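S.K.: Residue numbers (the entry's author numbering), protein chains in the order written: chain e, 617 to 643, 663 to 730, 760 to 924; chain a, 823 to 1129; chain A, 617 to 642, 663 to 730, 763 to 1027. Ideal Cβ placement from N, Cα and C applies to all residues, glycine included.
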Amino acid sequence: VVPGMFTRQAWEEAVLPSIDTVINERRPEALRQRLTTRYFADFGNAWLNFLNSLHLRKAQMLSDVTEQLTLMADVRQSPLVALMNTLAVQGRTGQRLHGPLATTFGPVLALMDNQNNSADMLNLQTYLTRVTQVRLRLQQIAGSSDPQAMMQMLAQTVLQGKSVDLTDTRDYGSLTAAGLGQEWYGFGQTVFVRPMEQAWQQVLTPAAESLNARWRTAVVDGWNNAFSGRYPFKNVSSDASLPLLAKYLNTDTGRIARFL
Amino acid sequence: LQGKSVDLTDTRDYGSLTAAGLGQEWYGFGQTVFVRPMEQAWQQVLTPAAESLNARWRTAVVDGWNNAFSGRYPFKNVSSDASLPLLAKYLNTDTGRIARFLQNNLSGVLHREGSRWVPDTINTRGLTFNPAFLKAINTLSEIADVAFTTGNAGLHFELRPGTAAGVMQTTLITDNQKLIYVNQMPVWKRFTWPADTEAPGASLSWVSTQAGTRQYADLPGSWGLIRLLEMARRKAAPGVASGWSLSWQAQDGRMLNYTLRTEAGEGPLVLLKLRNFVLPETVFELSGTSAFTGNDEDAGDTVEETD
Amino acid sequence: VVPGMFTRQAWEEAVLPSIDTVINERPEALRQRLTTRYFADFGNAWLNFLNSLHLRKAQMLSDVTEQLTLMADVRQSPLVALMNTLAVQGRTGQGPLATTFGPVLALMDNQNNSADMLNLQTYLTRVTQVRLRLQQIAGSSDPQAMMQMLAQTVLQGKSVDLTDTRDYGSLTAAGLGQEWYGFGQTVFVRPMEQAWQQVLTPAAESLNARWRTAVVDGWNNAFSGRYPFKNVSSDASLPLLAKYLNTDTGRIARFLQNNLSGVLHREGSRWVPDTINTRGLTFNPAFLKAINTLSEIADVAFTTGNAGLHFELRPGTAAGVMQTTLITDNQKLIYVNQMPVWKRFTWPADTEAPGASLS
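Spelled out as C-alpha cells, the structure:
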C-alpha cells in the first residue's frame, strides 16, 4: 500500500461532534452545515486517495498463483472480506442517508446481495475458487501425464474457441469493475481484473514450450525418418522417394499441412 | 473421458466447490464427504467398460481380419495367397477398418502421432493395456507407410545387377519385366511390384558352365515376388544407402549374387515381417502389469540383418 | 538431548542482581556490562539446542506420509509450537532485536515489506502439496506402478511445479542468517529432501531395467564378438553402426530425447547435465564418459546418417623403399619415387570383395 487516510477515520465522529459547534458561537445553524458539508466533502476525498492507489496485487512469478487465489477467497483468512467489513462499518459512521454517496454506492452495495441479478461480490469470489480449482488440479494432480499436455489444451481452447473457465471470470471482472463510478475506476482495476492476469501470464509459457516437445514427435521424426540420408538434403548416392514426399508438402492433406 | 456434461463430471465439479469453499480447517472434512463419494463410482465404472471393449473388438475387426486372411500365404505357409486390394481396406492410414476403429471408439486414449500410436495421452490412471496390441499395431502401420502410399497398394524399388563366379546368363522375370544378364556393365533398372494384367509370377533361371537353362523355382500368383525372395536372407551390405544384397544359393554350389537398393524406407523387404503374424487377443487386460519387453523390435531385425 | 540449564524464562531472578550490583557497592556500566552479558548465555544456550535437533528416519513409503503430515497440519503442528516457543522470548529488542534471535524471528510473521524471501506460513503449504501426491500413490492404485507414473514427470515431462517445491529448502537455510540457525533449518530442509529421495529411488531401479532392455541388450546381442571390440577376425558388421550411433535417428539418439530429456540437454557436441533439477540425482561417470565418445564418433564417421567418409593421402620416401602398398578397395595408388601428389579415397567402396593389402 501507499498510505493516506490522514486523521479522518470514523472514530472522530464520536469525539468531534463538539468542536464543529464550538466555532459556531465565537465566529449558528447556517454555519453548522457549512462546516459539515466541507468536512464530509473532504472525507471521501481523504479516503479515495488511499482507496484508488492500492497497488498491483504484488505480481507473482512462476506457477504459484494458486496460493494467492486461496488468500483472496478464503473466508476466515481473507485480506479482502475483512477490508470490506472495514469499509462497511467505517463508512456508515458518517452521521445511512447522509453517509455520503461517494463511499457508499461503490463497494458497500456490492457486499449486500439482493435476491436478484445484482453484480454481487460473492459471484466473483466463487469464480475465483473455480479457477484455482482447475489450476490446482493442473499442476499437482496431473494424472501421471505432464501438465504440459494439458497446458497446450488450455492454451488451445482459450485463444481460438469459446467459454472455458478463464474466459468468463475476466468477463465478470469488468462489469463489476467499470460499473462503479469515475473515482473507483482505479480501484476496480486492481482487485477485480489483476487476479486474472496473474494466471494468464503463468498459463501460456508452459504451453508455449509444450508445443515444442509435441512438435518434435508429431512431424519432425516422421520427416527425418524417411528423408534422412537420401539425395536432395545430403549429397549421398541414393535419392528420396518422390510420391511419399507428396504426403508431407501438400497444402491441404499433408501432415505438415495438417499440423497448422 | 473425451466429451462433456454427463451426470458424472458435473457432480464432481460440484463436489469440489463446496468442499474447497470452506476454511483451511474443514479442508480435511470437505475432502471426505463431497468428493470421495464420486471416486467410489469412478473406480466401479471403468473396469467393466475396460473389459467390454475387448468383447466388442473381437467381433468388430478381428473376425473380419481372420475371415479373409485365415489360411492364405503371408501369415501361414500354404500354397494360395491372400488377395492384395482387399487388404487395402484393412491397413490404410485414414479409411481402413482398423484405421476407423482407433479414431472414434477410444479417441481420447490413442492419439495418432507420426506413424506409430502413442499411448500416454489418456490423462488417466489405473488403466493399462496389453503390450502385444501396441506392437501389433505399430508393425502394421509400418507396413502402411512403406508399401501403401496412394491406396492402390503398389511400391517400386531399384534393381540388381550381377557379379558372379563361374556362372553366366543369370535371368529373372517378374511381372513381364525382364532382366537378362550376360556380364555386361552393371547398370540398375526399375521394378514396379504390382503390375497390370499379365501372367503374374516370378522365377529365376541361370545357365551353368556345363548345362543349359534350368530354372531355380517358378512361383505363380500376384503375391509371387515376396515368396521366392524369402529363401536367401543373408542380406546386410555396407555399400549403397539402403544397402542390401541377396545370395540365392541354387543347386550344385553355383551362387548367383545381387545387390538390392530400395527407395522409401526399406522397399519390399518389409513385407517379410508378416509371416507368423496374428492380430493378438484382448486389449485392456488386467494381467501383465509390470513387463519390459521393448527389445524384440530390435532383436528380430538383429537376427534378420546379420543372418 | 542436553538442553542445558536454560537461565531464561526466569527474568525476574536477574532483576534483583541488576540493582544489587550498584546499590550494594559504592560505574553505571557495571549494569550494562552484565546487560550485554545477559544474553551471551542466551546466544549460546539456545543456539546449541537448535543444532542439537535432528530427525527420525522413515525409510518406507507410509512412514513418510506419517512423518510429513505431523509437520504441516497446523492443529498439533509442534514445529509451529516450537517456533512459537522461540517467538515468545525474542519479541522485544531487550522491531529491532538486540539479541541474536533477529533473523530467526524474521520467519514467524515478519510482515514481509518487499523482502519476500519466504514466510513460514508459505513453506508449510508446500509440504502439504507433497503430502497429497504421496497420498495418491499410496491410495490403492498399484503403488509399484503409480510411483513410476510419477517418477517420469520429474525427468522428461518437465512439469510446472518442480521449480518451486525444491527451491524453498535452498532459499531458507541459506537465507537464515547464522550458519548454525541455517543448520537448524538444514534439519528442517531434509523432510523435503528425504521425501524426494524416497520417490526418485525406484526411478533408478525402473529406468536401469528399461535401459538394460531397449538399447543395451540389442547392442550386446549384435556386436559382441566382432572385430573392433574384441580382437578377432570375424564378421565385420558396418551398417548397424549407422542405426545405433547416428546423430538424429539412431536409437541411442532416441533414448536421450524420449526418456532422459529435462536432465540431459544437447549443447553442440556434448550434453553436459546442467540445471537445478539434477539435485538428488547422481550420474554414473562411466555413462557420461561413454556417451561423449559415441557422439564425437558421429561427427567424423556417420555425418550423412549412413556409413561413409572421405579422406586423402600421400606417401613418402625412405632408404631402400621405392614402392607402393595401398590398393584399398580397388583404388590403387602407385609410387616409384616420382613427385608426390594427393589422391582422393573413399572407405566403404562399392565392391563385392572389400579388402586391403601392402606390397
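With 7 Å as the C-beta to C-beta threshold (strictly closer), list the residues of the segment 816-841 of chain A near chain e in chain order.
M.R.: Those would be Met817, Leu818, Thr821, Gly825, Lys826, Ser827, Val828, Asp829, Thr831 and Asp832, in chain order.
S.K.: Any contact between the segment 892-902 of chain A and the segment 765-772 of chain A? By contact I mean 3 or more CB pairs, one from each, below 8 Å.
M.R.: No, because fewer than three Cβ pairs between the segment 892-902 of chain A and the segment 765-772 of chain A fall closer than 8 Å, the two stretches do not touch.
S.K.: Say whether the segment 1012-1023 of chain A touches the segment 982-997 of chain A, bearing in mind that this needs 3 or more beta-carbon pairs closer than 8 Å, one atom from each stretch.
M.R.: With a cut-off of 8 Å, the segment 982-997 of chain A and the segment 1012-1023 of chain A count as touching, because enough Cβ pairs lie within range.
S.K.: According to DSSP, what are the bridge partners of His978 (chain a)?
M.R.: For the purposes of this step, residue 978 (chain a) is taken as the residue at position 156 of the second sequence. Paired residues: a:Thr1014.
S.K.: Have a look at a:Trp1045, a:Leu875 and a:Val1004 and flag the residue whose alpha-carbon is nearest the alpha-carbon of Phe897 (chain a).
M.R.: Looking up residue 897 (chain a) in the second sequence gives position 75. Closest option to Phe897 (chain a), Cα to Cα, is a:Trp1045.
S.K.: Buried or exposed for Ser782 (chain A), going by 16 or more other Cβ atoms inside 10 Å?
M.R.: As a first step, residue 782 (chain A) must be located in the third sequence, where it is residue number 114. It counts as exposed.
S.K.: Can you pull the chain a neighbours of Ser905 (chain e), defined as C-beta to C-beta under 7 Å?
M.R.: One-based indexing of the first sequence puts residue 905 (chain e) at position 241. Going along chain a in sequence order, the residues near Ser905 (chain e) (Cβ under 7 Å) are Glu1085 and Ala1086.
S.K.: CB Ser902 (chain e) to CB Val867 (chain a), shorter than 7 Å?
M.R.: Taking the first sequence and counting its residues from 1, one reaches residue 902 (chain e) at position 238. Taking the second sequence and counting its residues from 1, one reaches residue 867 (chain a) at position 45. No. Outside cutoff.
S.K.: Compute the beta-carbon to beta-carbon distance between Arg1076 (chain a) and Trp1028 (chain a), rounded to the nearest angstrom, for a pair I have assumed lies under 8 Å.
M.R.: Sequence index remark: in the second sequence, residue 1076 (chain a) carries index 254 (1-based). Sequence index remark: in the second sequence, residue 1028 (chain a) carries index 206 (1-based). With a Cβ gap of about 7 Å, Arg1076 (chain a) and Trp1028 (chain a) count as contacting.
S.K.: Tell me whether the beta-carbon of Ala1058 (chain a) lies closer than 7 Å to the beta-carbon of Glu1127 (chain a).
M.R.: Locating residue 1058 (chain a) in the second sequence gives position 236, where the first residue counts as 1. Locating residue 1127 (chain a) in the second sequence gives position 305, where the first residue counts as 1. Yes; because the gap between Cβ atoms is below 7 Å, this pair is in contact.
S.K.: Do the segment 806-826 of chain e and the segment 880-887 of chain e touch if we need at least three Cβ pairs shorter than 8 Å?
M.R.: The segment 806-826 of chain e, when compared against the segment 880-887 of chain e, does not touch it at the 8 Å Cβ threshold.
S.K.: Hey, residue 754 (chain A) and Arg938 (chain A): beta-carbon distance below 7 Å or not?
M.R.: Absent here is residue 754 (chain A), because the residues of chain A run from 730 on to 763 with nothing modelled in between.
S.K.: Just to confirm the assignment, what range does the alpha helix (DSSP H) spanning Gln725 (chain e) have?
M.R.: Sequence index remark: in the first sequence, residue 725 (chain e) carries index 90 (1-based). Start and end: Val716 to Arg727.
S.K.: Pull out every residue of the segment 678-699 of chain e whose Cβ sits closer than 7 Å to any Cβ of chain A, in chain order.
M.R.: Listed in sequence order: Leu697, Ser698 and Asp699.
S.K.: Are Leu1094 (chain a) and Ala986 (chain a) closer than 7 Å when you measure CB to CB?
M.R.: In the second sequence, the residue the question calls residue 1094 (chain a) occupies position 272. In the second sequence, the residue the question calls residue 986 (chain a) occupies position 164. No. Outside cutoff.
S.K.: Excluding five sequence neighbours on each side, which residues of the same chain lie with their C-beta closer than 7 Å to the C-beta of residue 731 (chain A)?
M.R.: Chain A lacks the residues between 730 and 763, and residue 731 (chain A) is one of those with no coordinates.
S.K.: Among the candidates A:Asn974, A:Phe675 and A:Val1009, whose CA atom is the shortest distance from the CA of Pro983 (chain A)?
M.R.: The residue given as residue 983 (chain A) occupies position 315 in the third sequence. Looking at the Cα atoms, A:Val1009 is the closest of the given residues.
S.K.: I think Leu691 (chain e) touches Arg858 (chain e), with their Cβ atoms under 8 Å apart; what is that distance to the nearest whole Å?
M.R.: For this step, residue 691 (chain e) is matched to residue 56 along the first sequence. For this step, residue 858 (chain e) is matched to residue 194 along the first sequence. Yes, they are in contact, since the Cβ atoms of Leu691 (chain e) and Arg858 (chain e) sit about 6 Å apart, within 8 Å.
S.K.: What residues in its chain sit with their C-beta under 7 Å from that of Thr1104 (chain a), if we drop five residues either side in the sequence?
M.R.: Sequence index remark: in the second sequence, residue 1104 (chain a) carries index 282 (1-based). Here the set comprises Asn876 and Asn952.
S.K.: Suppose the cutoff is 7 Å on Cβ atoms and the five residues either side in sequence are ignored; what does the same chain contact list for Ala921 (chain A) look like?
M.R.: Start at 1 with the first residue of the third sequence, and residue 921 (chain A) comes out as number 253. Answer for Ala921 (chain A): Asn914 and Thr915, listed in chain order.
S.K.: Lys1000 (chain a) by DSSP, collapsed to three states: which one?
M.R.: For the purposes of this step, residue 1000 (chain a) is taken as the residue at position 178 of the second sequence. Strand at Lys1000 (chain a).
S.K.: At 7 Å on the CB atoms, spell out the chain e contacts of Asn974 (chain A), in chain order.
M.R.: Here residue 974 (chain A) refers to the residue found at position 306 when the third sequence is read from its first residue. Here the neighbours are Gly893 and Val900.
S.K.: Quick one: which residues of the segment 931-964 of chain a get their C-beta closer than 8 Å to a C-beta of chain e? List them in chain order.
M.R.: Taking 8 Å as the Cβ-Cβ cut-off against chain e, the residues of the segment 931-964 of chain a that qualify are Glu935, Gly936, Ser937, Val940, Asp942, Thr943, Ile944, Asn945, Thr946 and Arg947.
S.K.: What are the start and end residues of the alpha helix (DSSP H) that includes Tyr1080 (chain a)?
M.R.: Translated into positions along the second sequence, residue 1080 (chain a) becomes position 258. No alpha helix (DSSP H) holds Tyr1080 (chain a); the beta strand (DSSP E) holding it covers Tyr1080 to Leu1082.
S.K.: Under 8 Å: do the segment 800-816 of chain A and the segment 697-711 of chain A share three or more Cβ pairs, one atom per stretch?
M.R.: As far as the Cβ criterion goes, the segment 800-816 of chain A touches the segment 697-711 of chain A, which means the pair count is three or higher.
S.K.: Can you give me, in chain order, the residues of the segment 1006-1024 of chain A that have a beta carbon less than 7 Å from any beta carbon in chain a?
M.R.: So the list reads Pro1016, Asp1018 and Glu1020, given in the order they occur along the chain.
S.K.: What residues of chain a sit near residue 661 (chain A), judged by a beta carbon separation below 7 Å?
M.R.: Residues lacking coordinates in chain A include everything strictly between 642 and 663, among them residue 661 (chain A).
S.K.: For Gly930 (chain A), I'd like the list of residues in its chain whose CB is within less than 6 Å of its CB, leaving aside the five on either flank, ordered along the chain.
M.R.: For this step, residue 930 (chain A) is matched to residue 262 along the third sequence. Within the same chain, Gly930 (chain A) has close Cβ partners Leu823, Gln824 and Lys826.
S.K.: Would you mind reading off the limits of the alpha helix (DSSP H) that contains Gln991 (chain A)?
M.R.: On the third sequence, residue 991 (chain A) is found 323 positions in, with the first residue counted as 1. Premise fails: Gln991 (chain A) is in no alpha helix (DSSP H) and is neither H nor E.
S.K.: May I ask you to list, following chain order, the residues of the segment 868-890 of chain e that have a beta carbon less than 7 Å from some beta carbon of chain A?
M.R.: Going along the segment 868-890 of chain e in chain order, one finds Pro870, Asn888 and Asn889 with a Cβ nearer than 7 Å to chain A.
S.K.: Can you check DSSP and say which residues form a bridge with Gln1071 (chain a)?
M.R.: Within the second sequence, residue 1071 (chain a) is the residue found at index 249, counting from 1. Partner(s): a:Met1077.
S.K.: By the criterion of Cβ-Cβ separation under 8 Å, what are the contact partners of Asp916 (chain A) in chain a?
M.R.: Translated into the one-based positions of the third sequence, residue 916 (chain A) becomes position 248. None at all; the shortest Cβ gap to chain a is about 14 Å.
S.K.: Use the C-beta contact count for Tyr674 (chain A): other C-beta atoms within 10 angstroms, 16 or more gives buried, fewer gives exposed.
M.R.: One-based indexing of the third sequence puts residue 674 (chain A) at position 38. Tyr674 (chain A) comes out buried.
S.K.: When you measure from the CB of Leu686 (chain A) to every non-hydrogen atom of the ligand COA, does any distance come out below 6 Å?
M.R.: As for the ligand COA, it is missing from this structure, which has no ligand bound.
S.K.: Taking 7 Å as the CB-CB limit, is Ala1063 (chain a) close to chain e?
M.R.: Your numbering for residue 1063 (chain a) matches position 241 in the second sequence. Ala1063 (chain a) counts as touching chain e.
S.K.: Which residues bound the beta strand (DSSP E) around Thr1035 (chain a)?
M.R.: Counting from one through the second sequence, the residue named residue 1035 (chain a) turns up at place 213. Run containing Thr1035 (chain a): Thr1035 to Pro1042, per the beta strand (DSSP E) assignment.
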